[PDB]
Amino acid sequence: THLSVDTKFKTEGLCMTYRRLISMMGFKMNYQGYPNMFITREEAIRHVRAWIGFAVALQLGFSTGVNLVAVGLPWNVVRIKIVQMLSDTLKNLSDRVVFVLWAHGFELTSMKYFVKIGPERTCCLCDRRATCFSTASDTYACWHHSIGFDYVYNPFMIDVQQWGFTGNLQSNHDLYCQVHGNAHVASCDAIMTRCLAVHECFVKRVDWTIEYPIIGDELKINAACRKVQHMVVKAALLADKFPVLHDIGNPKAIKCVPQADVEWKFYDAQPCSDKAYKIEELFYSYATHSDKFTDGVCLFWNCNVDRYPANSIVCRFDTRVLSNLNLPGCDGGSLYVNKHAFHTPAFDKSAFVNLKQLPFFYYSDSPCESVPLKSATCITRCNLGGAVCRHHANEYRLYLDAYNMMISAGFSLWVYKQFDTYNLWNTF
Ligand SMILES: Cc1cc(S(=O)(=O)c2cc(C(=O)NCc3c(F)ccc4cnn(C5CC5)c34)n(C)c2C)cc2c[nH]nc12
Ligand SMILES: Nc1ncnc2c1ncn2[C@@H]1O[C@H](CSCC[C@H](N)C(=O)O)[C@@H](O)[C@H]1O
Ligand SMILES: [Cl-]
Ligand SMILES: [Cl-]
Ligand SMILES: [Zn+2]
Ligand SMILES: [Zn+2]
Ligand SMILES: [Zn+2]
């Protein structure tokens, strides 16, 4: 859970323990839920929504792209702007801030000017943990109630250099990322340090053991995506009668259509060990697998490979979508934190070159029963006749709502070019 202040601090990167470092930074530690400003990698990963890259050269820079110069601007104005920026950035994401550092010593020295530490406190106006302090009123605020507050209260931090790196920030960042160019500017170092931290913590694999709290429409977004997944995969199996389905990026061996008359094969780069017996370990790349999975259809449900083969059903998240769920990531990618943290490579149109956009439709083979619905996209027995039944018209509108929710949440659907609803009409 917590990082003992007695833990040694590697000074090779600075331009010794955490206890001694807190003294050097100019914080009276007191005699006695805040044993250390610095936190473990594991704790930082749990609070990824709180991550703000921070660097100095004083020119103070943040991973938000903001740079502030202190004498220039006076410190009283600067510290107001910092609390403003952090409050606006984090109020809907986290109960805290985690400064992500590539520590040269100067940034740590500068914290005494805009940071106050002490025991954990609650907001003067709500039940939330205090993130801000007002010298003027001697009161404490959360990110929501910090209007006019001048000090950051009990911020957490990590030095990424303590995760064991040779060379400078730029040499390590540029190994994994070509999107953040290093100018001689503080905010560029702030961005690169957080980018590097995201690479080290999230790019390699999903950690299924770490959950993140609900902060928006996760439940409705996820319900809508699963409803659409069932509809689309059910419809493609009925329409083209594929004998095998290659579910690439399924680490739990759960079928979205369990009643489907098909051989369902599971693959993942990182299968869950309790289901590894049903799942082949496989890293899909088009260059290494373009002549494989030639039989039946491949399902890539948010399995974000470099290029999809022609025989694919695909859901892919657009990393450019602005959302409290969608955090800046590594190499033009984003970190999508919805229940778990999913690093997603940049949305790239060249991935879909073998596919077409999946058009909207509703299909039901279920029994009929009872503002009339006149739509070419309602594929039911009753629409084949004159009027659509009250059941299927209601289910159509619920399905359209789920589809619209999924699109507005940033997900797009792609399908093999031969896919057509002609063959679903045939099933009647
Ligand atoms: C941007 C983006 C989105 C998604 S996602 O939208 O598919 C997604 C997936 C999950 C998730 O928990 N899957 C577990 C799981 C599986 F592994 C396999 C099958 C099922 C069936 N049901 N379930 C769920 C437990 C009920 C399954 N969650 C919470 C989200 C939001 C995955 C990404 C990878 N990179 N980027 C990604
Ligand atoms: N190139 C690749 N080849 C194979 N699996 C990959 C992959 N890139 C990512 N994955 C896997 O894709 C999954 C994405 S998250 C789970 C998605 C799953 N299809 C669902 O419906 O929930 C992870 O399990 C990850 O290990
Ligand atoms: Cl992976
Ligand atoms: Cl983003
Ligand atoms: Zn409050
Ligand atoms: Zn980067
Ligand atoms: Zn009907």
Side-chain angles (χ1 to χ4, degrees), residues 49 63-65 87 89-91 93 95 121-132 134 139-147 149 153 179 191 194-195 198 202-208 222 225-226 228-230 232-233 245-257 264 266-272 275-276 279-289 292-293 298-309 312-330 332-347 351 410-411:
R49 290 176 172 151
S63 64
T64 56
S87 296
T89 308
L90 297 176
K91 59 169 68 175
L93 299 191
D95 62 349
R121 305 294 293 262
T122 79
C123 182
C124 59
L125 303 188
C126 75
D127 292 352
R128 295 185 184 77
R129 97 173 262 286
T131 56
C132 301
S134 176
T139 57
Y140 295 85
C142 74
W143 297 129
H144 298 282
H145 295 127
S146 74
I147 185 162
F149 282 50
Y153 190 67
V179 162
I191 288 166
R194 189 186 156 283
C195 169
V198 168
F202 301 100
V203 161
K204 302 188 175 55
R205 56 178 269 283
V206 183
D207 194 336
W208 296 102
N222 295 348
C225 290
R226 292 304 174 187
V228 173
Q229 188 186 24
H230 173 86
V232 164
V233 175
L245 183 146
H246 308 279
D247 197 344
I248 302 154
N250 189 334
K252 304 200 168 185
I254 305 154
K255 304 180 190 164
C256 51
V257 196
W264 211 292
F266 301 106
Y267 317 74
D268 203 279
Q270 310 277 331
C272 292
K275 290 287 158 183
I279 305 167
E280 182 180 321
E281 185 189 340
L282 180 132
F283 187 78
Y284 189 98
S285 170
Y286 194 66
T288 65
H289 291 84
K292 305 293 190 312
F293 318 95
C298 305
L299 178 58
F300 298 82
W301 201 261
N302 297 299
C303 180
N304 306 137
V305 306
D306 46 17
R307 182 173 284 165
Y308 304 98
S312 297
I313 308 165
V314 181
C315 182
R316 181 129 182 181
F317 180 70
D318 188 349
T319 53
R320 298 168 304 174
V321 169
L322 296 195
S323 184
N324 293 333
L325 307 189
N326 193 36
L327 306 178
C330 186
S334 69
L335 184 63
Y336 184 74
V337 190
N338 170 344
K339 193 192 183 182
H340 309 282
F342 301 105
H343 198 275
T344 313
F347 188 85
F411 295 98

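The chain is numbered in sequence order, starting from 1. Because only heavy atoms are used, hydrogens play no part in the values below, and waters and symmetry mates are left out as well, while side chains stay in. Order of listing sets the numbers, starting from 1, for every ligand and every atom in it.
- A donor-acceptor pair under 3.5 Å is absent between the side-chain atoms of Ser312 and the main chain of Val314, judged by distance alone.
- Scanning the protein for heavy atoms near atom 3 (N) of ligand 2, the closest one is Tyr284 N, 2.9 Å.
- Below 4.0 Å from some heavy atom of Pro251 lie the following atoms of ligand 2, by number and element: 24 (O).
- Counting heavy atoms under 4.0 Å from ligand 2, residue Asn302 touches it through the backbone alone.
- Heavy atoms of other residues, nucleotides or ligands lying less than 6.0 angstrom from CD1 of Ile147 number 12 at most.
- Checked by distance only, ligand 2 and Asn304 stay at 3.5 Å or farther apart across all their nitrogen or oxygen atoms.
- The shortest distance between side-chain heavy atoms of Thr122 and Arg128 does not fall below 4.5 Å.
- A distance-only check finds a donor-acceptor pair linking the side chain of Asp268 to the backbone of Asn250 [under 3.5 Å].
- Using modelled atom types, one finds a donor on one side chain and an acceptor on the other under 3.5 Å when comparing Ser146 with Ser87.
- Between the side chain of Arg129 and the main chain of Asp95, a donor-acceptor pair closer than 3.5 Å is present.
- Of the protein's non-hydrogen atoms, the one nearest atom 23 (C) of ligand 2 is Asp268 OD2, 3.4 Å.
- Counting only protein N, O or S atoms, 4 lie closer than 2.8 Å to the Zn ion (ligand 5).
- Relative ring orientation between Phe317 and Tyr336 is described as tilted, the plane-to-plane angle lying within the 30° to 60° band.
- The residue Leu299 has no part lying near ligand 2, judged by heavy-atom distances below 4.0 Å.
- Less than 4.0 angstrom separates some heavy atom of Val305 from each of these atoms of ligand 2: 1 (N).
- Of the possible donor and acceptor atoms, one in the side chain of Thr319 sits under 3.5 Å from a partner among the backbone N and O of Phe347.
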Would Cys124 and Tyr140 satisfy side chain to side chain contact (heavy atoms under 4.5 Å, CB included), going step by step from the backbone distance to the final call?
CA-CA 6 Å; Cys124 59; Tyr140 295 85; 5.7 Å; no
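- Among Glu281, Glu280, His246, the one residue that satisfies the side-chain hydrogen bond (donor to acceptor under 3.5 Å, both in side chains) test with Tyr267 is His246.
- Taking only nitrogen or oxygen atoms, main chain and side chain alike, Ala269 reaches within less than 3.5 Å of ligand 2.
- Taking atom 18 (C) of ligand 2 as the reference point, the nearest protein heavy-atom neighbour is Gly249 O, 3.0 Å.
- Nearest to atom 8 (N) of ligand 2 among the protein's heavy atoms is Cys303 SG, 4.0 Å.
- Between the side chain of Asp306 and the main chain of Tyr286, a donor-acceptor pair closer than 3.5 Å is present.
- For atom 15 (S) of ligand 2, the closest non-hydrogen atom on the protein side is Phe342 CE2, 3.8 Å.
- Checking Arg226, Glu281, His289 against atom 20 (C) of ligand 2, the nearest heavy atom belongs to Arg226.
- No side-chain heavy atom of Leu327 sits less than 4.5 Å from a side-chain heavy atom of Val198.
- The closest protein non-hydrogen atom to atom 4 (C) of ligand 2 is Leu282 O, 3.2 Å.
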